[PDB]
Amino acid sequence: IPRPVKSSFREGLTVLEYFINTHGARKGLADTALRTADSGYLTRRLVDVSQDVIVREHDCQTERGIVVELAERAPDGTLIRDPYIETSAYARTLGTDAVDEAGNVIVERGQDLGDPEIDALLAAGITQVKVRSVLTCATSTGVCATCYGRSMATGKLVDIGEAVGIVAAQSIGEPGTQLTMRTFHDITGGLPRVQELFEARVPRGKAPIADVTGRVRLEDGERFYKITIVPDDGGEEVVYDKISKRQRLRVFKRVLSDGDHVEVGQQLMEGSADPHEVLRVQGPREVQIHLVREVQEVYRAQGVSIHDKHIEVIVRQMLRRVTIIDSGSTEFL
Amino acid sequence: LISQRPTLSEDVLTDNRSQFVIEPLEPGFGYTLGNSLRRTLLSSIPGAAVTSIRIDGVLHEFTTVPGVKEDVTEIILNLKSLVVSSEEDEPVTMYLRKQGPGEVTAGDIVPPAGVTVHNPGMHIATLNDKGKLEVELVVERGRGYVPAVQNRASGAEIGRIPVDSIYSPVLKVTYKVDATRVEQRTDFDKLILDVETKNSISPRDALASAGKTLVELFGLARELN
Amino acid sequence: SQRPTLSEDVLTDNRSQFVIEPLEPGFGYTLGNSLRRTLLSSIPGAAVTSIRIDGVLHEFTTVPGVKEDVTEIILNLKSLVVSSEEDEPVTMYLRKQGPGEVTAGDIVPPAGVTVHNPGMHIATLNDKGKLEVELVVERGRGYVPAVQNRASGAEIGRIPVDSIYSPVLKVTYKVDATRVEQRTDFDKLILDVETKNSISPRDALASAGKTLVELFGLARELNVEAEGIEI
Amino acid sequence: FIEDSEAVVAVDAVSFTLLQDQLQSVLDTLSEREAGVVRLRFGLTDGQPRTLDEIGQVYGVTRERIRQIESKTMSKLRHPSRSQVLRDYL
Amino acid sequence: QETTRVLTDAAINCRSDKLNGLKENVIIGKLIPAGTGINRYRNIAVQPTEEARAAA
Amino acid sequence: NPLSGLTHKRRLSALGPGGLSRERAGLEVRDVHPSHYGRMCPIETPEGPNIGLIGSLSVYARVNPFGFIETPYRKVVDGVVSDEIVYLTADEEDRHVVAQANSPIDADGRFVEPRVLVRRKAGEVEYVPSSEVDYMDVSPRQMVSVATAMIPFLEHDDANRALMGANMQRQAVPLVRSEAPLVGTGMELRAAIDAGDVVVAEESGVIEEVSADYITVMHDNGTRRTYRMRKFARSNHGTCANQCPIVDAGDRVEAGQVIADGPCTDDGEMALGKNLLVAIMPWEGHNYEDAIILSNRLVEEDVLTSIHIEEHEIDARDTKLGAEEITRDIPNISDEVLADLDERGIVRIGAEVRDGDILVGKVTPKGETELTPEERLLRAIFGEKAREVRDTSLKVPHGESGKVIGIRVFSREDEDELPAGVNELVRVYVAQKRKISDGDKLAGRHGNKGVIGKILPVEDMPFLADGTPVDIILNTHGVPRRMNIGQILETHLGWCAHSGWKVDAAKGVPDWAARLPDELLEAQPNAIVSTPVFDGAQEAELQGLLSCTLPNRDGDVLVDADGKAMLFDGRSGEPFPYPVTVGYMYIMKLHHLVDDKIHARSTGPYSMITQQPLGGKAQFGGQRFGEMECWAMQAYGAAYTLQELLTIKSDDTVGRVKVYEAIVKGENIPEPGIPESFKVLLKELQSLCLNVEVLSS
Amino acid sequence: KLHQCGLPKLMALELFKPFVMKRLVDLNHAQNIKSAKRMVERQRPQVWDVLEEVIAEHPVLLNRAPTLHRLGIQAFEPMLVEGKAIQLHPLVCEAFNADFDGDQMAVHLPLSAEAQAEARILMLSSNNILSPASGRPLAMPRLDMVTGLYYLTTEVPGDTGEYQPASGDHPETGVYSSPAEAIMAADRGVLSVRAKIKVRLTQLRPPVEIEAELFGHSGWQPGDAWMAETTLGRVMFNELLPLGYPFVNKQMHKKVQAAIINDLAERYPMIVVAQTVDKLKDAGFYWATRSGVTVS
Amino acid sequence: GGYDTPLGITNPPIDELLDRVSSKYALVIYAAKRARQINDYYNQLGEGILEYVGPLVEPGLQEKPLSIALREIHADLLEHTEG
RNA sequence: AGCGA
Ligand SMILES: [Mg+2]
Ligand SMILES: [Zn+2]
């Protein structure tokens, strides 16, 4: 309202100013009620999704696992701590070891990786560690123990009967409610965004992504844009057909300029794209990283601490099945 | 070192409320003594009060009496403000009869021996030509606060009207201190306490009873060897 | 309607834990705080008031010939249990030549005054130093700050210190809700008294009770034939 | 909201269990012949209430003999010491 | 969800449930296969130690 | 309460037949379109799942014969504000342009400043020159409802908490004393005499005869009239409805005058609570997170107490075996409990009853059922009759007591209207005097609700330097983050009104007091004051009044200019190191009392088709251990407790009695069987020609 | 206490009716079970003393709907309370999302030995401190207790009884031989609770730097002595934490307290964590009273 | 380890219990089965003597069998084999 | 059908 109100509640509001405040008050309250319904519904669905993730074995004894960002490098050159480490690194078990400058091992395989040890790694001057996760646990039915890392409730290693799937369900779906969406209007971020991301519904505001590296063939067509990717091998130019001018180009590091070299799956515009497409381009690893980073982006935006292993359980449940394109000669439609 | 033991002087202000002054007192102590005495007077001075009544024309408490302006529960609330002092511990009964129009003051009550009413001028009810109020009041000793004892717990009849009882003769207590604290370290506190009783017993008697009460619970800690 | 009791749980040689139970709701707070203040500010005791030292006139940082510094010596002497009978401020001297550790037995007391922990470290001396310090000790009550020197320079070497006259050091308390049903929510008082090794907490508490019963018999002696609460 | 007024009382079940235990105890307190006669008279052994002729037949005596037995035993049972433990069960 | 269709097509397939999940052991009231229900913990043999047994 | 009686009328509901149910009544219709101003209050609306669907009519609103809502306005012609009140609907409101009442009118109809605040058609807000204004608001507080209009200092409170306060002001309960509030609005007298529950002298005259039952008025022309009272009548929510007269036999009354106070009324005006001394300091954590602490003085002096009346009923009806009879010849029961019953069943009036006692001796035939041998021999030994008529007398339900006010008995013998197959209907009215107990709900007039954490003795309470204990202690932390300092201003102004002031205008009038009305330059102790909602006490005026607050009895200005005072801790004794806010605040007792909520069940009634325990406090029932609770348990991994809660506490029909037997005998709990809903499910599936079977391996 | 909870006796007497029935039959107070049941119904006063005995050591569950997450249900040891309102420990309010504006809770009752063990070991309050989500403490002191601890540990320059080294005419007048002496001087109107003084401690562990300075490697505290320039309030605040914990000497912001409790829970046993959080609660309330946080 | 003495439901300290067994779920079943053995011992005392034995640690005045079992666990007076 | 969190 462009008036705007100009009286503190100590001074006592005037009639019209109070009448204006009533709008926002009632709107917020009704939104609270409806969103509470929605969040309960999301928790309901997730619980059934992750009802069968229960720790069975003590150790799957694999060697695959994810890498963690863990205090990326400074330009002038230091170890500036990554702000979101407590959610992404702690309570994890290493599959590999920490060695640097052909030196000695720092942390050996399979350690809880708590505060003293992270302090040791940052002192020694390493940035990336390959750590286990529930995404690559090789057990048949449910995760092993060492993949799930420290149980965030006990402070000790998770037990061999825990229903970590439902624990993650409640942790993810509990801190809804206090989840007011973004202040901005076509922009979409909030509990609806979380819901669509888990639902895998192609985001309504799809932001086209790349398909191969090379420089960009940029053009501003009739009342909207026309982009194309120049291949490098090359091959067929992926020509992006209609790109409405109601969007923006992606700014990173500078705005997207013509001739700039793009990645294989670089996001061309600014927005979001279908996890289906980023799958078919950059594989299960990239989709899992994308999903965890996106969801944690919202929960960070509201300043809520959720360890990434819960989301990892859920996405592990997401990425189980495969599709049959050729039957071979056996029983698969 | 001060080797002078404290005294206690008095100051009468009105008939019912008075001031007590105690000096000298070792520093950092007057507030504590004042609070202890206050908690004593305002909690555990034995007194007496009306416990139950019985109006002839009523069967219970939530009814009306023909003729009187007020109702039975309003009468209950009015008598609950009564102040009475007994002498013996057996529950005694005082009567009240009134016929015809007029206000019904506490002075119309005829008490038996030992018990006395300390304010005849209280408005209890008001009557008219059709009015007729006849009621008995059980008066009992005790201390502190007690809710209304149950009819079924006792062997009372249906005409009994229990009433919550407040055995306390003190109305308001306060105090202050004037700590001299001269730099030469001959420091001493001066407790100036103020009592206001509800015309039941003199403040002197109230404080004397409190002082007696604050010898028992410390005889506990004293009697060891 | 019930007689309260008193029993103690001896934790250390001088550290007790008294329990009084059950009381009328609420008498635990009526008497616990009063008892605390009595314990802390009614048991007569004694302590050092000031000290003067040879070799130090205004360089109040360190003493020549020793290791420890002036304030350390001061607050070591401050925690010194002593008993006295002579009311006037009496003077003691602790003097020692040669290198070595000066204990609390080095001081030679005059008649009447006594030290209750002679085997206590105070100072260290090095390289044929001689430390000679004069204590002035007297008796009192409660706690006094470091009294400012009333005289300007009558005793130029005399510097004042605090005086922990109170024998007991640390007393707290709390209440409980024992037996809410058949007694209708009575109270229980817990005391945690700590004392130096001059007197036992038991005797300390008994003396505090004596002082309090006198102080409330003061009020009692107005209408002796006054009815109250009786047990 | 349809309360099952006809249903398990959930207390009278165990109450009757303990009742029966107490009756077996009390009957053991008395003579064995008297106890068996009462058990057959009131059907405590099979649920079939045996009558005077049947019990006199199974004991080889006459129905008036057993009626005297029954009257004396019931008079014994009405004596409060044998009934203080059963009075509260009503 | 889609209860009618799920039940009917399951009936055609004669698809037998193995009750290996959780919500099913909740529905039939049997111990759930999580926490204190899994056989690693539900079949614990507990006995007094021989030394203290002799001492008893 | 009378306010709720008023406010349930005038209520606007958008859900109904030919209306939008909550399914279709989405958010879109729940907002406050700018056309609601003066026609529908934006504040009051239920906080539940009806926000905006149910509102209340504005104060001055009127109904267009065509069902629209007309609103009064003061028309202004050529900058001269007339008094011709024209009623406009929303269409004409949009057409024209509307000014504000709180504008500088220069005593001639003429505005002062040309740039005047105004509203345009689309809800826009502008500064029009003072020539185009053709309509101006009749007054402030035109956009607010009835109940909300009674909240003092409303303009300071946030909309959310003001809405809460309005929704709770209707939930007070009638106390036995009903003292009027110190600080109020104008809407305590009008919203009282228009509520209906106050007797009003129809036409002027003098008083002939007064009583606790009736008042006889002698009109100036011959005729007399007897106003009958309503004493101790039960309301629709079990609260008292006493009416007590306020006049004297010799008084003269005029038409339209209050003549007898109603339930929550005092000397004519609304009294929804009591004026209590309040301190705003956090005390020992007991007032932690909206909790409240009261003094024992409220319990003792009966300040907060509510009379409650419950209605029990029973019908002697016809049956197949015969006819049911109300009587005294009940089956096995000692004559000890038959002392209260009258000669013919029902209890004597006034006899106190406890839970499980008898009220109506009533017996019904049971026919012939062969007895178990054990009870047969018990009857043989104890000589007890079969009493073929089983007994289902009226027993007062669990956890209730109190006196028996009235007994209303019907009969077929009196040829009263009874339904078919019913011989004799009787109702008994029990009543209790519920005193304020910890866990009950108290609230101010600003939505600052709270349960009662604890009722301390009177001595362990922070008392002023004058020995007067505070009566309730609110929490500080709830004030700033809830944006309802209206309570703080109310507290300050209440202390001012309680003590009485005197602005010493020795040299003219002080600066702050220039625009105060006359006869406000001084006031008496316990003097009542009112601040209309949107034109009320200014902050400067409040500072000025608090500055001079003439002393109580000695020379003691207990509360300084700041509005705080030095409190002494009643428990320990030492003074608090910082001054603490104290004042007089008006608070109300809400109808969410612990006695109406506490509930328990060990074993009670059971459902019919499913064998689950029943539901509701009307019955015993148990608590629905719902799906999310199941999830919590699974996450913990407490499989055995889950099994227990879902098999042998709800549905294992043969397992429940075995568990009870084991518990009484001291044995172990048995292993659960199979749930009953599961077997029901199996039977329906097999009824659907679906072969469901269990297979071993 | 953290593992305790209130329970209105007129509710427990119904919850544990079979247990109390059995026990007061055992004590010969009732000739049989039915008479014992009638005794419980009529509430003859000895039923309460037997009720205490049955209640002792038998946990109950406290559900609050909506049960958003795993800590919506927790197991407490019940204790009998006058009145009709369940007394809930203030420090599970965070877990339950329960403000006292009139919210209601459900008391359940485990029966079998297995259920009792599950409640005792898994669902006990003191055994569930941290979040299941991020491991942060939810028994962390909040709101009013945080305010109290802030006022206790904050430092005010230019307060009464500071430590100044001014010399020549008089000594420093800031040192204090023991926290007992400091507390006594605080009871007297000399020492403010938030003045900067130099105390000599003997029962608290100095920070790492002072430890490595004075003792280097193995300075044990219970006998060692060391001086520290801190505030009396902070000494009292470090008295609550266990002995092994170093000194803190900071201003107790909520984040600082969260860090302290997190470190304590990760390094020390759960029972120690429970006792220290209880102590923090008590101190927080007691010194929130004195802070004088009012609104005028 | 210098904790203050527990009281009531929390004696013995659970952390000092968890070192005896693998996980708290094993602890739970361990204690529950021992408590059931104790209850069976108390029920089967009137008749002849059978395989059951206990309580092995001296109980209190009126102490619950589950508490007795947990104190026995803390005393290291039993053993168990998992599944 | 109405209502509280
Ligand atoms: Mg709430
Ligand atoms: Zn794994």
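Those protein sequence lines, which keep their order, are chains A, B, C, D, E, F, G and H. UniProt numbering puts the first sequence at residues 832 to 1016, 1023 to 1090, 1097 to 1176. According to UniProt numbering, the second sequence is numbered sequentially starting from 2. According to UniProt numbering, the third sequence is numbered sequentially starting from 4. According to UniProt numbering, the fourth sequence is numbered sequentially starting from 438. According to UniProt numbering, the fifth sequence is numbered sequentially starting from 1227. According to UniProt numbering, the sixth sequence is numbered sequentially starting from 443. According to UniProt numbering, the seventh sequence is numbered sequentially starting from 437. According to UniProt numbering, the eighth sequence is numbered sequentially starting from 27. Every residue gets a Cβ at the ideal spot worked out from N, C-alpha and C, and that includes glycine.
If you measure between the beta carbons of residue i and residue j, is that distance less than 8 Å?
i	j	result
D1093(F)	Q1053(F)	yes
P573(G)	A694(G)	yes
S587(F)	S446(F)	no
Since residue i and residue j are thought to touch, with beta carbons under 8 Å apart, how far apart are those beta carbons, to the nearest angstrom?
i	j	result
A472(G)	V461(G)	5 Å
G442(G)	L524(G)	7 Å
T747(F)	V729(G)	Contact flag wrong, Cβ pair sits at about 33 Å.
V1121(A)	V1130(A)	6 Å
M95(C)	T106(C)	Contact flag wrong, Cβ pair sits at about 14 Å.
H888(F)	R583(F)	In fact, because the Cβ distance is near 17 Å, the residues do not count as touching under 8 Å.
Got a sec: is the Cβ-Cβ distance from residue i to anything in chain G below 8 Å?
i	result
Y1020(F)	yes
May I ask which residues mark the beginning and end of the alpha helix (DSSP H) holding residue i?
i	result
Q1139(A)	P1118 to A1144
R478(G)	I469 to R478
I997(A)	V995 to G1004
Is there a Cβ of chain F sitting closer than 8 Å to that of residue i, yes or no?
i	result
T1262(E)	yes
I want to see whether chain A comes within less than 8 Å of residue i, judged by CB atoms only; does it?
i	result
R821(F)	no
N499(G)	no
Please decide whether residue i counts as near chain C, where near means a Cβ-Cβ distance under 8 Å.
i	result
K717(G)	no
Counting only beta-carbon atoms, is residue i nearer than 8 Å to chain H?
i	result
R556(G)	yes
Practice task
Give the residues from the stretch 40-61 of chain H that approach chain E closer than 7 Å (Cβ to any Cβ), ordered along the chain.
Solution key: The stretch 40-61 of chain H vs chain E, Cβ under 7 Å: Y51, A52, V54, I55, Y56, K59 and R60.
Problem - Residues from the stretch 513-528 of chain G in contact with chain C, defined by Cβ distance under 9 Å - result: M515, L516, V517 and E518
Problem - the stretch 1237-1259 of chain E: positions lying closer than 8 Å to chain F by Cβ - result: Taking 8 Å as the upper bound on Cβ-Cβ separation, chain F lies near residues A1237, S1242, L1248, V1252, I1253, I1254, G1255, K1256, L1257 and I1258 of the stretch 1237-1259 of chain E.
Practice task
Anything in the stretch 931-958 of chain F with a Cβ closer than 8 Å to a Cβ of chain G? List those residues in chain order, please.
Solution key: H934
Practice task
Could you list the residues in the UniProt region "Sigma-70 factor domain-4" (463-516) of chain D with a C-beta less than 8 Å from some C-beta on chain F, going in chain order?
Solution key: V475, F479, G480, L481, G484, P486, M511, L514 and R515
Practice task
Check each residue of the stretch 1097-1129 of chain F: if its Cβ is closer than 9 Å to any Cβ of chain E, include it; give the result in chain order.
Solution key: Those residues of the stretch 1097-1129 of chain F that come within reach of chain E (Cβ to Cβ, closer than 9 Å) are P1114, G1115, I1116, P1117, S1119, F1120, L1123 and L1127.
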